[PDB]
Amino acid sequence: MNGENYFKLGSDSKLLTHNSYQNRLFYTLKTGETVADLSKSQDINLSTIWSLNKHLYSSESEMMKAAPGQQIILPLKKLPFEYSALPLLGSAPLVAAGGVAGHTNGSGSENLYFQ
């Protein structure tokens, strides 16, 4: 009679509610610490952080000038399978351009992408 012999899809020891917390972590900004400091500790690229929170803040400038009392969301996503059953097109509706992207860096420096 070995428990290992039989595998259970659900485990009492594991709580589903807690699992949801792992999906997204909320961190609060306190006086003395800067957004960049957070980025260093997490070993995450500032560009990535912006892409996620772009909906919360209008632009990167607002992030740089962040002050105490504001919140930052860190939502991590996992992709075990390279192929996705539900592919979404139009990730960036704000910009007409689509498909191939990233050929050039420092877009912010130029007001116009074309020039």
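First residue of the sequence shown: 1289, per our numbering; consecutive thereafter. C-beta: ideal position from N, C-alpha, C; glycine also.
Using the three-state DSSP reduction, which class does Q1403 fall into: helix, strand or coil? Coil, per DSSP.
Give me, in chain order, the residues of the same chain whose beta-carbon lies closer than 8 Å to that of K1365; leave out the 5 immediate sequence neighbours on both sides. Counting only Cβ-Cβ distances below 8 Å, and skipping sequence neighbours, we find nothing.
What residue range does the alpha helix (DSSP H) around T1305 cover? For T1305, the enclosing alpha helix (DSSP H) begins and ends at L1304 to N1311.
So, under 8 Å CB-CB, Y1315 and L1303 are touching, yes? Tell me the CB distance rounded to an integer number of Å. Cβ-Cβ separation between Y1315 and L1303: approximately 22 Å, too far for a contact (criterion under 8 Å).
What is the C-beta distance between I1360 and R1312, in whole angstroms, given that I count them as a contact (C-beta under 8 Å)? 11 Å between Cβ atoms; not a contact.
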